[PDB]
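*Asks:* Quick one: structure below, then a few questions.
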Amino acid sequence: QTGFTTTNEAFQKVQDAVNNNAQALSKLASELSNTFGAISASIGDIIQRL
Amino acid sequence: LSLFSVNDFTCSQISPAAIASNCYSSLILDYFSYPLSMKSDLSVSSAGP
């Protein structure tokens, strides 16, 4: 009842699953919606420059 | 630009309309005396002196 801390590496496994799907979703899909080669950077240079 | 007669107007990574309308941090406009004979030498990709 008392202990659900870092030592409990069955609770940490729960935290691992949670972090795992959270980082698969948000981090990966969002940071890969940013820039690719370099110049395009955001949008595709629709009017901003090109 | 209307005061002169532009012989060449080539915009790279930018469009001729945008270079008149977009805003940015800083403009650098360098000028010199250049014959039209050596226009080919005046390019980013050339082996000319």
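Residues in the structure tokens are numbered from 1 in each chain, the chains being A, B, ... in the order shown, and ligands are numbered from 1 in the order shown.
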Quick check: residues of chain A within 12 Å of chain B, only C-alpha atoms, returned as a PyMOL selection string.

*Replies:* chain A and resi 39-40+44-50

*Asks:* Which residues in chain A does DSSP call alpha helix (DSSP H)? List them as a VMD selection string.

*Replies:* chain A and resid 11 to 22 29 to 31

*Asks:* Which value, in Å to one decimal, gives the distance between CA of residue 7 in chain B and CA of residue 25 in chain B?

*Replies:*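 Going from CA of residue 7 in chain B over to CA of residue 25 in chain B, I get 27.8 Å.
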
*Asks:* Which residues are near range 36-46 of chain B? Cut-off 10 Å, only C-alpha atoms, ignore same chain within fewer than 2 positions. Put them as a PyMOL selection string.

*Replies:* chain B and resi 7-8+10+12+33-34+48-49
